């Protein structure tokens, strides 16, 4: 890894990536099952799955016509499954480092949950982000029940925990996932808008001005449910204003977000009165 993923993050041709990744997922996955105790591999393959599920499965399904919705439901079910697989691969990195961990956190006993999480150091922050984000993404592809799956609450605790150890991690990547969650979940669920705007301010602290993500996250997660059409447009505009050729890294993630912003701009009618 390291030098190898570079030829993906820096790529602006999406189909090259879409067609080449599946065998890379398959290869990392294989290596993992061979050396299960190797934590880096564990996280790598988990993160890969989570990332692929988002860009090459869930995302494409969002651009689907509304009458084809059966296909789109299949897609979402597919992405859900993949997010989960990723989360577990990453979770194994934790379980390798802190045996019993999976048992404790997912028990959903508030005393056991928070107890095993205290065991975590900045080393593990990377793993926490991905396990959390994996489960959180899957949750979003699930219908809405009474109360909250214990896994997702555990997930959100893992994220808040990485936040304690390392608020600046990945330019506030964790804050962005939380903002999106808090905004969506009811306060019965542990979310709410006050909680979400708060998490977003923190994003702004550590995030890059050359990153389109927070702008989108703002329009999508906050502006829409608050029926603010102005900020929505303005934010999406700020995102589409970034030259992908001027950005040091993740040219790919930029192209992808800008694709999504354009679609949002065009579908502005569906989110507002």
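Numbering follows the first chain given and starts at 1.
Between 49-57 and 220-228, it is 220-228 that carries the larger average Cα temperature factor according to the deposited entry. For the two regions 82-90 and 137-145, the entry's Cα B-factors average higher over 137-145. In this structure the maximum Cα B-factor among 179, 127, 118, 72 is found at 118. Per the PDB entry, 247 shows the highest C-alpha temperature factor of the residues 247, 43, 239, 31. Among the modelled residues of its chain, residue 201 has a C-alpha B-factor that falls in the highest third, as given in the PDB entry. Among all modelled residues in this chain, the alpha-carbon of residue 11 has a temperature factor (C-alpha) in the middle third. For residue 160, the recorded CA B-factor ranks within the lowest third of the chain. Only modelled residues enter the ranking.
In the deposited entry, the Cα temperature factor of residue 166 places it in the lowest third of its chain's modelled residues. Ranked by C-alpha B-factor against the other modelled residues of its chain, residue 192 falls in the highest third.
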